[PDB]
Structures are given as C-alpha cells and as structure tokens.
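Laboratory data are not the source of any read-out in this text; all were calculated from the coordinates shown. Neighbour counts run over all protein chains shown; Cβ positions are idealised from the backbone, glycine included.
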Number of protein chains: 4
Amino acid sequence: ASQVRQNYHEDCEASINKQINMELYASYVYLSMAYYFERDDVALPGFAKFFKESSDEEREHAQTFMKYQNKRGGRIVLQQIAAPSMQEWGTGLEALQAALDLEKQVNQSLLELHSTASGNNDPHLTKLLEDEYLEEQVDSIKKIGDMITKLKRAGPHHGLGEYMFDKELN
Amino acid sequence: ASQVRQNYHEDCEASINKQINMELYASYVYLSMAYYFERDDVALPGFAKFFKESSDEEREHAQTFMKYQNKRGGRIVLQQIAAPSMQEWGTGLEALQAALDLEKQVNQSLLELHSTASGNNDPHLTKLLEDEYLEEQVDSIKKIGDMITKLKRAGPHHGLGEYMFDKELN
Amino acid sequence: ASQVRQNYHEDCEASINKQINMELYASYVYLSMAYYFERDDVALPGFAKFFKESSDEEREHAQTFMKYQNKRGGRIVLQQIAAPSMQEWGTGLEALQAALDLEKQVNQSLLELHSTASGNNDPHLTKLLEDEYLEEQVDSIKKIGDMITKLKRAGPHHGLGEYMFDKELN
Amino acid sequence: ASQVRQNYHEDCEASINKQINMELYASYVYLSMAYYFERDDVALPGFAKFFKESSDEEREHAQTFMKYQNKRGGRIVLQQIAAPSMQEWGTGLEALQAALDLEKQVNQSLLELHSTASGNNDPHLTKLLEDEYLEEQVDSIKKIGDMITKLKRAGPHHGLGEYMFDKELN
Ligand SMILES: [Fe+3]
Ligand SMILES: [Fe+3]
Ligand SMILES: [Fe+3]
Ligand SMILES: [Fe+3]
Ligand code: NI
Ligand code: NI
Ligand code: NI
Ligand code: NI
Ligand code: NI
Ligand code: NI
Ligand code: NI
Ligand code: NI
Ligand code: NI
Ligand code: NI
Ligand code: NI
Ligand code: NI
C-alpha cells in the first residue's frame, strides 16, 4: 500500500469517495438553479448569484475531500455525476426549500461518515469532518432556514416580496 | 467610383442607408419615451434615464453605420425620420413591451442585412454586423426581456411595484 | 415560446445542450488528472496545477454556453456527467496525450456545432463559436502539442526530464 | 495536588512526559541529519536546511507539550535523550526514508496517546492532539512521501538528479 498510509480504514476511504460524488452532485444542482434564475422569464439575479456561489463552494468541498483522500494515502474513485433531480425549480421559495432538503441530506451523510470514522478510531478523519464540513453544514442550514422565513414574511409567491427579497441576495 | 471602394455591392450600400434611417428612428422613439416619463403626471425618472441612454446609443449606432458607409466608399443618403408611432407610452411595462417589439424589428432588419452581405460575399460587412450590431441587439433584447419579467413580478400596474422597480433603473 | 427568442433553431438549442455536457465532462476529466498528479506516489505539482486550471476553464466554458442558451431564449437541459474514462493517467506524457485527444474531440464537436449554426443561418451563434470557442480551442491544442514535444525532448519517462519539465508548469 | 488540576488522569500525564522525550529525540535526529548534509563530502545545503527546520519544529512540539503539562497541572519529567540511531545518513533518499519511518513512529505514539486520553474521557487532551499534533503529523508524512517520490523520479543515487532536487529544498 501507500508509503504514507497509516490508521486509514478501507471503509473510510470508500465512504470519502462516495462523499466526493455527493459534493459534486450538490454543486451540479446549485449550478442548475443558478442558471434557471437567469432565464429571461425568471430573472432573479440575487437567487442566481446565491446559487452560483453555493455551486462553487460545493465543488471546493469536493476538492477538499480529494486532497484529503490523497493525504491519507487513499485512492480517489470518481463516479458519474447524476443529472439534477429537476430542470426547473419553481419560485425562489421552492428552490430554497429544495436546497434546504439537499443540505440536510448532505449533513446526514456527513454524520454517517463521522460514525464510520469514529467506529474505526480515526481521530484525524473525525477532526476533518467536524472542522471543515459539519460546522459549515450547520451554518448553511441555519442560513437557508432564515432565508425561507424571511421570504415567507416578504411574500413567497411571484410578487413584490419575492422581487424585494431578491435584492437582499444581490 | 470612389478610390477606396472594393468588393462593395450597390445593394449593401443601399441597405446600409435604410438601416441608418431605422437606427435614427429608434433613437427618436426612445427620446419620446424618455421625456414622456418626465411628465409631471408620470414621473418615472428611472424609466426616463433608461430610455434617454437607449436614445443616445441608437444615435451612436446610426453614426457607426455612417462611418462604415464612408469607409467602404458608399454614399450616405438620409431620409426623413418618421414621427414615433405613439406620443404617450402608457405604463412602464407597455413602454418596455413596445421597446422589445422595436428591438426585435431592428434585429430582423439586421439579420436581413447580414443575408444581403453574405449573398454578395462581403466578409467585411458580415463582420461589422456580427461584432457591432447583432451582438449588442441580442443583449438588449435579453435585458428588456429580463426587465419585463421583473416588472411583472414586482407589479406592472401603476402601483408600488412600478415605483420600486423604477428605482432599480435610476 | 420565449419573449426573447428570434432566429434560434431547435437544433442549435439542442446541440448547445449537448456541448454543455461535453464541456462539463472535460472539466471532470481534468479534475481527475489534477488530483491524480497530487498522489503521494506521483507528486507532479506542475502537472497538477496545469490540469486544475484546465478543469476550471472548462467549467467556465460550460457556463458561457449556459448563459448563451438563456440569452437566445433556449432552455438548458443538463444530463448526467459521465465518469472519466480513466482513474489513473500514467505519466505526464500520457496525460498530455490524453488531453490532446480530448481537446481535438471537443474541437470536432465545436466545428459540427458551427456547421449546424451555419446551416440554419444563425450568424450570432457562428460568431460565439468563432470568438469564444474555436479560437481558444486551437490555442489549447497548439499549447498541448508544444508541451508534448518539450516533454519528449526533456525525457518523457519517469525520470529527471519529467521532473525538470514539471517545474516549467508550476 | 495542583490547584488547577481537573479531569487530568495520571496515565495521560505520564504519557505526555514520554511524548515530550520522543519529540526531543526526533529533534536531535533531525539536527544530526542537518549537519551531516553540511559535511564537505556531502554538501547538500537544501537537505541541510530542510532537516534544520524540522529539528526546530520538533523542539517546538516538545515545548508545546511542556506548556500543556503545566497548563493541566501535571509535572514535567524529562528523561535522557538517546543518541540518534545513526551518525551518517547515506544519501538524501535514505535520510528521507529514515525521516518517514520516524514520523510514522511518532504518529503511532500520538494515536496511542489519543486512545489513552479518549479512554480516560479527557476531551481537552484529545482536542490538543487532534489540533496541534495529528494534523501536522499527517501533513509532514504526506510531504516526505511526496519528496521521496520526486527524488526517486529525479534520480535518487548520488547524481545530477539528487543535485537538482536539493535546489528545490533550498
Ligand atoms: Fe458541501
Ligand atoms: Fe441600434
Ligand atoms: Fe472548452
Ligand atoms: Fe513533532
Ligand atoms: Ni453551503
Ligand atoms: Ni407559489
Ligand atoms: Ni404572482
Ligand atoms: Ni440597445
Ligand atoms: Ni395596466
Ligand atoms: Ni394604479
Ligand atoms: Ni483549454
Ligand atoms: Ni513510459
Ligand atoms: Ni523512471
Ligand atoms: Ni514535521
Ligand atoms: Ni544508492
Ligand atoms: Ni553517484
């Protein structure tokens, strides 16, 4: 095996490869939302910018797992990236609710990754998960939650409130 | 003929003269909208500014065709500029819809100009049309489309949404 | 159809959607090469940096087609992104040769896109292809060709020449 | 006992004292390598600088455990520091391989320290180990691994490749 590998279980390595694929998939989903909101019949540039940045951050999150895999001596295995579940995301609120559900799904997978690492007594991997992923995931979920509440207050249906709330995101 | 003229067909020269007149006409239309929106009983300074700038840009577009005509050795022939189709433009949305229809009419004429130039094997004229007119025309049409959608979302009828959307244009 | 759509054929729109998928696939391939070259048993940081940048540029190329699709009033349809053909890329030379073949495949598709646009008399689309894709594609192919030749000169097999050439890329 | 001591097990305190000795020993080993590479018949100033810095970092690592011991109310007990296993380290590659083996031995001891702290339910000590030692240890092992691979590529035996690779370390 790798000259650097030490205390790195095959199950953790395999789970990192699946989390890489999931981060790339979330990046793709946010990319699809971003350019949905730049359609001439949607035209929500604040939502577009918010999801474009989220798309870039998830691709960075995938790359941090790829660097991690190499750092521990595991071998990266990239699978196909599934098409986003939708091609059209509805209103801003429906896209935010879809993003909320996605971030909670990613969070669930990360907590299962932490349980795998903890079960295999890998403190270096539990540290990565707590410092770089679990922390940022809980903050994202809180922020999307706040946004859903603010948009429901302003008026979530294709109206003045959605137009005003979209400026807060620009 | 002109000492500079070379590979410049009489039909292209004649079509440039008609496109000059159409650019000047569009400039006049936008000028009329601009000062319609500064009427004391309309008072939409953002729409006024948007259409004033569009008026200046179309006059520049006409001048670029006049410089082009002289550059190829054609002779500029300016006709009368017709009165704008309307003296009153309604709401912001109706003016935007009228501008959308006008920009698509100008775009149609430009594509017919490109077909004339292509039929006469004039690559220099097709380059001008692609670089200076077709590109900017498609971006304008997209921008007006976005604006129509945003104004429909904010509330297109003489109300708070039109007042708020008008500030985005200031 | 879209309020902005004009002179935009369904075949061009469909071909743009397939080119989007191909740009995303090339981005994924370069991402895989980039982190292959950061494996502790490869350790070619110059190749890693070169392919990481190429990965980012291809994702930008995909986004420019997505903006274009929206600008013309077409509708983006993103398919699944296939796994890279390889998980391990061999030497620097073999990765460069694989990138060369990939860039020529992308170039072939772009020229077929240009023929589709030209057949449908879409000068705006032929302009995009010439200005943003065909130009950059020919320069990339030339640059990779130069690099292959330089690496063959320095010594393409896992030796001092590959180590020295890798510093030129850092 | 100490006025500050709280939730600090005698076994953790004793294990910190042994890890202090091991950090000091590694510092001594790197010091020996550093001045081996400044011998007039070795003259590898890049390797010399790399090992001198590694020697300083390990002495800092020992001091951080000494500050930690005092912070928890444990009592520092310093033993004798053993002579380095070798007085002559061979080539750069052999010294790097010896450093790799040493860093993995230190890493093993640190993970056993983490198990001791975890068994005694000391979250403050597990945090220190993850944040200040396990993280840096895995990065060092990866870096030495990369260097071994790069030096094997450049030519690990007393030749041009070792001379060139040594400049990368300067
Ligand atoms: Fe993520
Ligand atoms: Fe114009
Ligand atoms: Fe590309
Ligand atoms: Fe240390
Ligand atoms: Ni996030
Ligand atoms: Ni609704
Ligand atoms: Ni509505
Ligand atoms: Ni315009
Ligand atoms: Ni009305
Ligand atoms: Ni009203
Ligand atoms: Ni390229
Ligand atoms: Ni070979
Ligand atoms: Ni070799
Ligand atoms: Ni170190
Ligand atoms: Ni030897
Ligand atoms: Ni020798």
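Pull out all pairs, ordered by first then second residue, where Cβ-Cβ is under 6 Å, the residues are six or more apart or on different chains, the first lies in the stretch B:156-170 and is closer than 10 Å to B:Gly46 by Cβ, and the second is within 16 Å of ligand 1 (Cβ to nearest atom) and of a type in the set (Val, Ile, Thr).
none
Testing A:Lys71 on (1) within 16 Å of ligand 14 (Cβ to nearest atom); (2) not in a helix (DSSP H, G or I), one condition comes back false. Which one is that?
(2)
Identify, by number, the condition in (1) more than 30 Å from C:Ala48 (Cα to Cα); (2) in a helix (DSSP H, G or I) that D:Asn121 doesn't meet.
(2)
Restricting to the stretch A:109-124, and then to whatever is hydrophobic (A, V, I, L, M, F, W, C) and within 19 Å of the chain's Cα centre (by Cα), can you tell me which residue is surrounded by the fewest Cβ atoms within 10 Å (Cβ to Cβ)?
Taking the stretch A:109-124 and keeping what is hydrophobic (A, V, I, L, M, F, W, C), we get A:110-111, A:113, A:117.
Still in the list and also within 19 Å of the chain's Cα centre (by Cα): A:110-111, A:113.
Values: A:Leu110: 20, A:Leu111: 14, A:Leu113: 22.
Once the filter is applied, the top-ranked residue is A:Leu111.
If the requirement is being more than 30 Å from D:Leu111 (Cβ to Cβ), of a type in the set (A, V, I, L, M, F, W, C) and more than 16 Å from ligand 9 (Cβ to nearest atom), which of these qualifies: A:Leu110, A:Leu24, A:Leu78? Before the answer, list the steps.
Working: A:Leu110 fails: more than 30 Å from D:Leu111 (Cβ to Cβ); A:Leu78 fails: more than 30 Å from D:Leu111 (Cβ to Cβ).
Exactly one residue qualifies, and that residue is A:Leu24.
If I ask for residues that are under 14 Å from the mean Cα position of the chain (by Cα) and of a type in the set (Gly, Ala, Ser), which ones from the stretch C:35-88 would you list?
Answer for the stretch C:35-88, where residues must be under 14 Å from the mean Cα position of the chain (by Cα) and of a type in the set (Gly, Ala, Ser): C:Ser54, C:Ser55, C:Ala62.
Could you please find all residues in the stretch A:87-118 being among the polar types (S, T, N, Q) and either over 23 Å from A:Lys152 (Cα atoms) or assigned to a helix (DSSP H, G or I) (or both)? Please lay out each step first, then the result.
Taking the stretch A:87-118 as the starting set, the residues that turn out to be among the polar types (S, T, N, Q) are A:87, A:91, A:97, A:105, A:107-109, A:115-116, A:118.
The answer is A:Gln87, A:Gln97, A:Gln105, A:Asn107, A:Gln108, A:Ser109, A:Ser115, A:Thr116, A:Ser118.
Within the stretch D:154-170, track down each residue that is at the interface with chain C (Cβ under 7 Å from one of its Cβ atoms) and small (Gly, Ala, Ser).
Scanning the stretch D:154-170 gives D:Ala154, D:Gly155, D:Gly161.
Select from the stretch B:99-108 the residues that are without any contact (Cβ under 8 Å) to a residue 24 or more places away in the chain and either facing chain C (nearest Cβ under 9 Å) or within 17 Å of B:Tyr36 (Cα to Cα) (or both) and list them in ascending order.
If the condition is that a residue be without any contact (Cβ under 8 Å) to a residue 24 or more places away in the chain and either facing chain C (nearest Cβ under 9 Å) or within 17 Å of B:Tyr36 (Cα to Cα) (or both), then B:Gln108 is the only one that fits.
What are the residues in the stretch A:58-97 that are within 30 Å of D:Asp139 (Cβ to Cβ), of a type in the set (D, E, K, R) and in contact (Cβ under 8 Å) with a residue 24 or more places away in the chain, if any? Step through it out loud before you land on a result.
Within the stretch A:58-97, the first condition is being within 30 Å of D:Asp139 (Cβ to Cβ), and the residues that meet it are A:58-79, A:81.
Adding the requirement that they be of a type in the set (D, E, K, R) leaves A:58-60, A:67, A:71-72, A:75.
Selection gives A:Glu58, A:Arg59, A:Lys71, A:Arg72, A:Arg75.
Residues to consider are C:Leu96, C:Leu102; find the one that is more than 30 Å from C:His124 (Cβ to Cβ), within 16 Å of ligand 11 (Cβ to nearest atom) and out of contact with any strand residue (DSSP E or B) (no Cβ under 7 Å at 6 or more places or on another chain).
Values: C:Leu102 fails: more than 30 Å from C:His124 (Cβ to Cβ).
Exactly one residue qualifies, and that residue is C:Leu96.
Based on what the data block shows, is C:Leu93 aliphatic (A, V, I, L, M), closer than 22 Å to A:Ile76 by Cα and more than 16 Å from ligand 3 (Cβ to nearest atom)? Steps first, please.
Details: aliphatic (A, V, I, L, M): yes; closer than 22 Å to A:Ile76 by Cα: yes; more than 16 Å from ligand 3 (Cβ to nearest atom): yes.
Against the criterion (aliphatic (A, V, I, L, M), closer than 22 Å to A:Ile76 by Cα and more than 16 Å from ligand 3 (Cβ to nearest atom)), C:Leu93 qualifies.
Could you grab the pairs with beta carbons closer than 7 Å, sequence gap of 6+ or different chains, first residue in the stretch D:30-41 and free of Cβ contacts under 8 Å to residues at least 12 places away in the same chain, second one in a helix (DSSP H, G or I) and buried (at least 21 other Cβ atoms within 10 Å of the Cβ)?
Taking only residues 6 or more apart or on different chains, the pairs are D:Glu38/D:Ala48.
Within the stretch A:8-29, is even one residue basic (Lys, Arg) and more than 20 Å from the chain's Cα centre (by Cα)?
Initially, the stretch A:8-29 is screened for residues basic (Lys, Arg), giving A:18.
Checking which are more than 20 Å from the chain's Cα centre (by Cα) leaves us with none.
Within the stretch A:8-29, not a single residue is basic (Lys, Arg) and more than 20 Å from the chain's Cα centre (by Cα).
Which residues, taken from the stretch A:96-116, are over 21 Å from C:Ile76 (Cα atoms) and among the small types (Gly, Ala, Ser)?
Answer for the stretch A:96-116, where residues must be over 21 Å from C:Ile76 (Cα atoms) and among the small types (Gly, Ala, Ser): A:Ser109, A:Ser115.
How about the stretch D:56-98: which of its residues are among the aromatic types (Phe, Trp, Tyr) and within 16 Å of ligand 15 (Cβ to nearest atom)? Steps first, answer last, please.
Just the residues of the stretch D:56-98 that are among the aromatic types (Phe, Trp, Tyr), to begin with: D:65, D:68, D:89.
Of everything in the stretch D:56-98, just one residue is among the aromatic types (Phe, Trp, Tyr) and within 16 Å of ligand 15 (Cβ to nearest atom), namely D:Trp89.
Considering only the stretch C:140-160, state which residues are under 18 Å from C:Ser55 (Cα atoms) and either aliphatic (A, V, I, L, M) or part of a loop (DSSP other than H, G, I, E, B) (or both).
C:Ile141, C:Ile144, C:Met147
Does any residue of the stretch C:77-89 turn out to be away from chain D (no Cβ under 14 Å) and in contact with a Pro (Cβ under 8 Å, 6 or more places away or on another chain)?
Just the residues of the stretch C:77-89 that are away from chain D (no Cβ under 14 Å), to begin with: C:77-89.
Filter again for in contact with a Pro (Cβ under 8 Å, 6 or more places away or on another chain), leaving C:78.
For the stretch C:77-89, residues away from chain D (no Cβ under 14 Å) and in contact with a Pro (Cβ under 8 Å, 6 or more places away or on another chain): present.
Hey, does the stretch B:136-153 have a residue that's more than 14 Å from chain A (Cβ to nearest Cβ) and more than 16 Å from ligand 14 (Cβ to nearest atom)?
Going residue by residue through the stretch B:136-153, those that are more than 14 Å from chain A (Cβ to nearest Cβ) are B:136-137.
Next, from what is left, pick out any that are more than 16 Å from ligand 14 (Cβ to nearest atom): B:136-137.
Scanning the stretch B:136-153 turns up at least one residue that is more than 14 Å from chain A (Cβ to nearest Cβ) and more than 16 Å from ligand 14 (Cβ to nearest atom).
Condition first: within 9 Å of another protein chain (Cβ to nearest Cβ) and surrounded by fewer than 22 Cβ atoms within 10 Å (Cβ to Cβ). Now tell me which residues in the stretch C:38-58 satisfy that.
Hits for the stretch C:38-58 are C:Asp41, C:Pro45, C:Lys52.
Determine which single condition A:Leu111 fails, assuming it passes every other condition in (1) under 30 Å from A:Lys167 (Cα atoms); (2) out of contact with any helix residue (DSSP H, G or I) (no Cβ under 7 Å at 6 or more places or on another chain).
(1)
Taking the stretch C:110-159, which residues are touching an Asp or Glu at 6+ places or on another chain (Cβ under 9 Å) and basic (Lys, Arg)?
C:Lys127, C:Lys150 - these are the residues of the stretch C:110-159 that are touching an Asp or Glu at 6+ places or on another chain (Cβ under 9 Å) and basic (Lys, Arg).
Checking A:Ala1 against (1) farther than 22 Å from A:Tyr133 by Cβ; (2) in a helix (DSSP H, G or I), which single condition isn't satisfied?
Tallying (1) farther than 22 Å from A:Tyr133 by Cβ; (2) in a helix (DSSP H, G or I), A:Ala1 fails exactly one: (2).
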